[PDB]
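Residue numbers (full-length UniProt numbering), protein chains in the order written: chain H, 393 to 468; chain G, 250 to 387, 391 to 468; chain U, 250 to 387, 391 to 468; chain L, 250 to 387, 391 to 468.
Have a look at the structure below, then the notes.
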C-alpha cells in the first residue's frame, strides 16, 4: 500500500514491483487481483490514471490493464 | 391502494437533502419506507419527490436495467413468483414498469392486476437501483493519518473509505489491518509492530492502540 | 362527506409558501392530499387556501379548460366512467364544477349525487390544472454549466428546463444530447467527444461522464 | 472516353479557391461538372486537381466509405443497376474504384468494361463524399441575430447551421422554430410572441415576420 509509480519510472517496472509486493504479502489468494487493479487505478501517476479511467472497455484483469496501458501509453 | 404519508415522504426528502444519498441513515430510512411491497406508481412518485432531476434520470436508467435482468432470470425459470405455470402468465416489462394495459397512470388498476411476487421483485429492483445511483452520484489507498490528527478519526475515515468501495466483502478486514500497519504515522506504526499479542481484527488493533497511545 | 384536516392544509399551505409551487416536494405533497377522490367543494376550497389570489384565478381558468376537454372526450365516448349508458346520465359541466342543481354550496348533496368516475375525473383535471399553473407562474437554450457547478446539477437543470418547455415529446432527447455536447464546459465537452462508444441517450451520456469525470 | 475540358476544370478550381468548398455556387458548379456519368479516372483526377492534398485524402476516405455502403446495398439486392442477374456480374469494389483487371491507369479500358449503372453509382457516391468533406473541412445553439443584421440573413444562417448538423431529420423544424423564438433580438421576439395566429412552421414564421417587421 506504499508503492507509487515514480515520476521517471516506466510502467512495466512499476507493475513488476507492485505485483511482486502484493503476491509476496499476507493477503489471501482471492484478494490479490482486485487489489492489484485498484492499485493500478489509484497509484500510477495521473497521466496513466486518466488513461485507465477513460477506457472505452471495462478492464477486469491486471494483464488486460497492462496490455491496454502498454498500447496507448505516451511514448517518451 | 393506500398512498404513503406525505409527512414521511417529506421527512425522508429532507433526510436525503441534509445527509445525502449514501449515508447509512439514509439507506436505513429508505429500507424503512421500502418495507411493504410498493406498486410501480408508489416507487416512481417516491423517487420523483426525494431525488433531484439528474439522480432521478440515473435512477430510471438503473431501475430499467435491473428489471431487465429480472425479466431475463424470469424467462430463464418458469417458476418465478411473478410468473405463472402456463405461458399466458409470463410477465412483460410493460407490466413491471406499470406501462401495461389498464395500469398507465391508474394506481387502483395497478394494484388490481399486479401479483405480490411482481410487487416484491419491483421493490427489490428499485432498491438495488437506488444503491447503484447513490454509489454513482457523489480513495482508500491514499488515506494517511495526518501529523495532528487523532487515531479514532483516522480509523473512522479509513473504515468508511474501505467499506464504501469496490472491494469484495471478504477483503475489507485484511486491507483495513494492513492499512493500519503501513499508514498511521510511524509512532503508531511502531506501537502496532511491537505488539506482544497478535492482533487479527481491526477492532482489536483499535482497542490496543487506544490503550497504549501516547497521551498528548 | 368528511373534510380534510385543517392541520394538513395548513402544513401544505406553508410548504407552498416556503418551497414554491414547482418544487418536487410540493408536487409530492399535493399528490398526497390528492389521494382520495375529492368533491368539487374540497378541491375548490383547498386551492382557495393554499394558492394566492392571482394563482387561484389562473387555476380556476386552467381547471375549467381541462374539464371542458374532459367533457369533449365524454361526448366523444358514451363509455366514460362519469357518463352512463342512456342519454339521461350525460354529465354537464354544471355537475362537474359543482354548479348543478342540489349541489351549489352544499358538499353533502354534492357527495350524494356525484359518481366515483366523476370524482376521479374532477381530481385528475384539478391536478393537471395545478401543474399548468405552477409551470406558468414563476429557457433551455440559455443553460450553461457554471465553472464551479457539478455535472449532475447541470443535467438536472437542463432536463427540467427541456421537459418543461414547448418542445414536442419526440424532440426532447436529441435536444438534451446536443445540449450536453455543446454546453457543459470544454473539459466535459472533450470528455464526451472522445467517447470510444457512441452515446445515443441522455442516461448513457450521464453514466459515461460520471464514470470518467475528473474528481475535484 | 472523352476527357473533361481543362478550361472548365481550371475555372472550377479557381471557384473552389476563392469561394471555398461549401458555398452553394461551388456545389452548383460541381453538380454541373457532375452531369454526365464519369469514370473513376475522371472523378479521381478532378478531385486531385480541384482539392488540396488534405481535403483530397479526406475525400478518398469518404468516397471509399460511400462506395462500401453501395456495395453492401448491392449484395442486399441482386437487382442493382450495377449488378447482373447471375452471380458472375456481381460488382466488386476493385471494379468500382477502378482497381480491377484491365482498368488500372487505363481510362479507355475502364469505359469499355464499366456499366452505366456502375458509372451513375460511382458518380452519386463521389458527390455525397464531396458533400461530407466540404461539411467537414472548414454551432446552431450559439447563433444570435446581430443588432444590425437583417432577419432573412439570420434565418439563412440558422437554417444552414441546423440542417448541416448532427440532429435527426425529424428534430430540425421544432429546433428552428424555438431558435427563432428565443434568439432573434427582443423586437422580433415580441413580434413572434404576439402572433394572433399559431405559427407551426419556419416558413410561416418567416412570412409573418417579413410582413410585420419594423421597416428600418
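Each residue gets a CB set at the ideal place from its N, CA and C atoms; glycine is no exception.
Inset, instruction - Under 9 Å between beta-carbons, which chain U residues line up against residue 324 of chain G? List them in chain order, please. - result: Residues of chain U passing the Cβ test: none, with the nearest at roughly 24 Å.
Legend entry - Given 8 Å, three or more beta-carbon pairs between the segment 336–345 of chain L and the segment 317–325 of chain L: yes
Legend entry - Nonlocal neighbours in the same chain, by C-beta distance under 7 Å from residue 315 of chain U, ignoring five residues either side: Correct list, in chain order: 374, 377, 378.
Inset, instruction - Give the DSSP-derived three-state secondary structure of residue 308 of chain U in the structure shown. - result: helix
Inset, instruction - Could you work out which residue in H:464, H:465, H:410 is closest to residue 435 of chain H when comparing CA atoms only? - result: H:410
Legend entry - Residues within the segment 431–455 of chain G neighbouring chain H, beta-carbon criterion of under 8 Å: 431, 434, 435
Legend entry - Euclidean distance between Cα positions of residue 311 of chain L and residue 304 of chain L: 10 Å
Legend entry - Residues in the segment 256–273 of chain G having any Cβ partner in chain U nearer than 7 Å: 258, 259, 262
Legend entry - Exposure of residue 344 of chain U, with buried meaning 16 or more beta-carbon neighbours within 10 Å: buried
Inset, instruction - Could you pull out every residue in the same chain whose Cβ sits closer than 6 Å to the Cβ of residue 271 of chain G, ignoring the five residues on either side in sequence? - result: 383
Inset, instruction - Measure the alpha-carbon distance for residue 263 of chain L versus residue 396 of chain L and round it to whole angstroms. - result: 32 Å
Inset, instruction - Check each candidate in G:386, G:260, G:446 and name the one with the smallest Cα separation from residue 465 of chain G. - result: G:446
Legend entry - For residue 276 of chain U and residue 257 of chain U, the rounded distance between their alpha carbons: One alpha carbon belongs to residue 257 of chain U, the other to residue 276 of chain U, and they sit about 15 Å apart.
Inset, instruction - Look at the Cβ atom of residue 407 of chain G, then the Cβ atom of residue 432 of chain G, and state whether they are nearer than 9 Å. - result: yes
Legend entry - Outcome for residue 459 of chain H when other beta-carbon atoms lying within 10 angstroms are tallied against a minimum of 16: Looking at its Cβ environment, which holds fewer than 16 other Cβ atoms inside 10 Å, residue 459 of chain H is exposed.
Inset, instruction - Could you spell out the range, first to last residue, of the alpha helix (DSSP H) harbouring residue 254 of chain G? - result: First-last for residue 254 of chain G: undefined, no H or E at that position.
Legend entry - 9 Å Cβ cut-off: residues of chain H touching residue 420 of chain G: 422, 423, 426
Inset, instruction - Between the Cα of residue 287 of chain G and those of G:266, G:368, G:429, G:355, spot the shortest distance and give me the residue it belongs to. - result: G:368
Legend entry - Close-in-space but distant-in-sequence residues of the same chain around residue 427 of chain U (CB under 8 Å, 5 per side omitted): 392, 414, 419
Inset, instruction - Name the two residues that bound the continuous alpha helix (DSSP H) containing residue 383 of chain U. - result: Annotation: the continuous alpha helix (DSSP H) that includes residue 383 of chain U extends over 365–386.
Legend entry - residue 358 of chain U versus residue 381 of chain U - alpha carbon distance: 30 Å
Legend entry - Whether residue 273 of chain U touches residue 301 of chain G by CB criterion (9 Å): yes
Inset, instruction - Over the uninterrupted alpha helix (DSSP H) stretch that includes residue 454 of chain H, give me the two end residues. - result: Here the alpha helix (DSSP H) through residue 454 of chain H covers 454–464.
Inset, instruction - Report the three-state DSSP secondary structure of residue 450 of chain U (helix, strand or coil). - result: It is coil, neither helix nor strand.
Inset, instruction - Count the other C-beta atoms from every protein chain shown that fall within 10 angstroms of the C-beta of residue 269 of chain G, then say buried if there are 16 or more, exposed otherwise. - result: exposed
Legend entry - CB contact check: residue 470 of chain U to chain H, cutoff 9 Å: The displayed coordinates of chain U run from 250 to 468. Any statement about residue 470 of chain U would go beyond what the structure contains.
Legend entry - Cα-Cα separation between residue 328 of chain U and residue 398 of chain U, rounded to whole angstroms: When rounded, the distance between both Cα atoms is 53 Å.
Legend entry - residue 443 of chain L and residue 404 of chain L closer than 9 Å at C-beta: no
Legend entry - Straight-line Cα distance separating residue 424 of chain U from residue 402 of chain L: 30 Å
Legend entry - Secondary structure of residue 290 of chain L, DSSP reduced to three states: helix
Inset, instruction - Indicate whether residue 291 of chain L and residue 253 of chain L have their beta-carbon atoms separated by less than 9 Å. - result: Result yes, Cβ atoms of residue 291 of chain L and residue 253 of chain L sit closer than 9 Å.
Legend entry - Interface partners of residue 391 of chain G on chain H, CB under 8 Å: 434
Inset, instruction - Compile a chain-ordered list of the residues in the segment 403–418 of chain U whose CB is closer than 9 Å to at least one CB of chain G. - result: 403, 404, 405, 406, 407, 408, 409, 410, 411, 412, 415
Legend entry - Outcome for residue 353 of chain L when other beta-carbon atoms lying within 10 angstroms are tallied against a minimum of 16: exposed
Inset, instruction - Give every residue of the same chain whose Cβ lies closer than 8 Å to the Cβ of residue 416 of chain U, excluding the five residues on either side of it in the sequence, and list them in chain order. - result: Cβ-Cβ distances below 8 Å link residue 416 of chain U to 384 in the same chain, with the five nearest sequence neighbours on each side left out; the list follows chain order.
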